[PDB]
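Visitor: Following this message is one structure expressed as structure tokens.
Since every read-out is calculated from the coordinates, none of them should be taken as a lab result. With ideal geometry, Cβ positions are generated from the backbone for all residues, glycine too; neighbour counts draw on all protein chains shown.
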Amino acid sequence: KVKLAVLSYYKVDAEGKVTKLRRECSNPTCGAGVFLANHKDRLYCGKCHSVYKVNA
Amino acid sequence: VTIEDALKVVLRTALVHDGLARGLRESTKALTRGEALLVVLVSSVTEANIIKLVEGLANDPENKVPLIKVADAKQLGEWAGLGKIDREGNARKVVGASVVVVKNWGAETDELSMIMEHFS
Amino acid sequence: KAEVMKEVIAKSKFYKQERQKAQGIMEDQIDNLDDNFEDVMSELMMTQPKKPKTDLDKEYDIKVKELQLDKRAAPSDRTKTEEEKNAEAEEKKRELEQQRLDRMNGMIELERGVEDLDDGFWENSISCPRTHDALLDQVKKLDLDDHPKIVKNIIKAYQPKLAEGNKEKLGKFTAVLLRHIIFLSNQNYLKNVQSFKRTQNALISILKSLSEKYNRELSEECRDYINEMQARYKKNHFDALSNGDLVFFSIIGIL
Amino acid sequence: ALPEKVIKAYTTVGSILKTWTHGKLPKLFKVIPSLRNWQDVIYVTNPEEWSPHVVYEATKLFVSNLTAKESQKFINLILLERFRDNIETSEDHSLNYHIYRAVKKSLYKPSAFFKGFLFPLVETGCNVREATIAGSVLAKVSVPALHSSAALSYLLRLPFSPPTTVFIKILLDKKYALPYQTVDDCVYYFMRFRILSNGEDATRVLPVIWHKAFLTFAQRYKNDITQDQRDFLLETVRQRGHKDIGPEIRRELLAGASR
RNA sequence: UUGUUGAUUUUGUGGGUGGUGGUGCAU
């Protein structure tokens, strides 16, 4: 199971600035706040089901 | 009329128009999208980085969103409507909410005016 | 007839093959689209269009929250008339009686017979106390007349619906309660025979309710006491026998 | 217009859905809900030509993926019309098994269901056969009390029609923990058929379904009404009671205690 | 809990239900 998944998705430094380590979805329909599920070979969108390259 | 009582009705009015994002994952999604007009955060959250994240997102320079502190997550969940009502009418089986974000006020009430006036 | 049947079979085989060929074509058509899936989507993404509720809809969202506020009614099944209730009762009295007379006559419910048994026999907040001692500690400070109250409270605190695993606790409690009923009889009660009588019968009634649902737990404990009684009789003879032993046989007759 | 290369591809997809019965749906079809112009992509796929198997799978796909509002549109425009089309065009006026499931999968989203089938259908000339088939789908599937009570409240305030009276009976048959406001809305609906000034509902002839619905209400909710409401409902039996159902209603209503 | 989603489900205990059922009959 995943517990406090929001904790890992968003990182805060000592200054308090928020940094996103997980890429946003390119699909405009999904909107912001949607992060792609990360895997070595490719990066995957849960909501749209699209497949993106990790390099991109 | 206290500030806490003002939020109690305001959250209920936001519920009627489906204008609340309930929970961290929904709250951060609202904040990153710029859909957040107000953030209600619990001070007694066990994990500190939860407080840091919501405070950082609420204080982002591009989209500054007002933030409120709540003593207990359980009462915030009750205002968010998570809890159910018993035969006596008291809230039963209530679920705690660490953070609640308002996407739509729904109706303009005098209690909304005090909250924005307090922030201004 | 035979030529008709052969024609029917050939047509069925013909249509089956036609359906199979169609399925073969469909799967290939699906494969090709999966191959051009990326090209088709990329064109769709570029042509994606750029970024009020009905008054009928606006009312409904208000209702659910107002209903969320309003207290909820309990449902009640239709009330049966006195004749149907009297009619319903009598068959159950009959059915138990026709089951009863069968068991009088050897119908044993594993519906085998006694003769089957005769093959090879001769040839060879509130705490639920899982143990008898645990109950006493809970009721240690309570008066004799207060035992039914605590025993009833334990059942209410641990009903099956309240939580998972309550059925085993209550079933274990059924065994515990029987020992307490027998235990009290062993204790001297000539001083307050009345108060003992008002606890003793009440506890039996509670066991009767417990037995109705926790038979297997009760029957196991009842058999255990019989073995214990025999073991004590083996060494002490009559000295093993006590008042609670007489009471124990009587309760078995009740239940 | 969509890109021309896309149009041929989804035109090819639409051909499959015509004859699709089993297997994996085309990957292009499965990604339609994510698209903003899914309606435009859906039209080129010819929804009216979708096979009953496709309608069942599409509803699973779109109700799960699309938002509540967008699901309501997919609900209202496609499956509702297909539901009406199949009953009207079928010889026995029955509904296909796959379409029948497709209504159940839409019930998984109660709001988009009620605002997309039930209220549009009853408000758009629903016939007795249509209400019976939809009511059976409503009866068998579990629906939330909150959404059902709001749905029950909506129907009770609508003008009387036998098709709507069915759905009112189905919801009452569901044996829900109706909120007292809904109970009052139920009682309000049943008073309006008494003769007093009053509308035609006082003098309108009442079919058996209303009496069964009125017998239906009394059996559970006799204990959830006040004495004054009970007395008003008793007058309804005296004025508008049925020959055989009416005495039963009076017995159930009298047997209930006040809240 | 769904397929990412958000309370629509899941669990335990109780528990009503024959009903997109047919067939004839009486305007």
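Visitor: Quick one: dipole size for chain B, taken about the Cα centre, charges +1 on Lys/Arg Cβ and -1 on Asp/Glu Cβ, in debye to the nearest 20.
Guide: 500
Visitor: In whole Hz, with x marking every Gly and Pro, tabulate ³J(HN,Hα) for the stretch A:27-42 from phi via Karplus 6.51 cos²θ - 1.76 cosθ + 1.60, θ = phi - 60°.
Guide: 3J(HN,Hα) across the stretch A:27-42, in whole Hz: 5, x, 5, 5, x, 6, x, 9, 10, 7, 5, 9, 9, 4, 6, 7.
Visitor: Pairs of alpha-carbon atoms within less than 8 angstrom and 6+ residues apart define the contacts here; what relative contact order does chain B have, in percent?
Guide: It comes to 40 percent, rounded to a whole number.
Visitor: Further, regarding this structure: Could you list, bin by bin from short to long, the percent of Cα-Cα pairs of the protein assembly as shown in 10 Å steps?
Guide: With 10 Å bins starting at 0, P(r) equals 2, 10, 14, 16, 17, 16, 13, 8, 3, 0, 0.
Visitor: Return the unpartnered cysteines for the protein assembly as shown, using a Cβ-Cβ cut-off of under 4.7 Å.
Guide: Singleton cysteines: C:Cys128, C:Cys222, D:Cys126, D:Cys186.
Visitor: First select every other residue whose beta carbon is under 12 angstrom from the beta carbon of C:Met26; then total the charges, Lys and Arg +1, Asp and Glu -1.
Guide: +1
Visitor: For D:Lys24, which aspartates and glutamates qualify as cross-link partners when the Cα separation must be under 14 Å and same-chain residues fewer than eight apart are set aside?
Guide: Reachable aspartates and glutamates: C:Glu27, C:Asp28, C:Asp31, C:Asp34, D:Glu57.
Visitor: Among C:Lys71/D:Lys105; C:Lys65/D:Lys169; D:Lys60/D:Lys115, which pairs are too far apart, with a Cα-Cα distance over 20 Å?
Guide: Listed pairs above 20 Å: C:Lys71/D:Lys105; C:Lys65/D:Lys169.
Visitor: Still on this structure, I have one more. Can you pull out the GluC sites (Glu not before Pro) in the stretch B:1-74 whose DSSP state is coil and whose Cβ has at most 15 other Cβ atoms within 10 Å?
Guide: B:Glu47, B:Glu62
Visitor: Past the 18 angstrom mark, what percentage of all C-alpha to C-alpha distances in chain B do you count?
Guide: I get 49 percent for the Cα pairs in chain B exceeding 18 Å.
Visitor: Could you go through the stretch C:13-23 in sequence order and give the Karplus-derived ³J(HN,Hα) for each residue, using 6.51 cos²θ - 1.76 cosθ + 1.60 with θ = phi - 60°, rounded to whole Hz, and x for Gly and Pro?
Guide: 5, 4, 5, 4, 5, 4, 4, 5, 4, 4, 4
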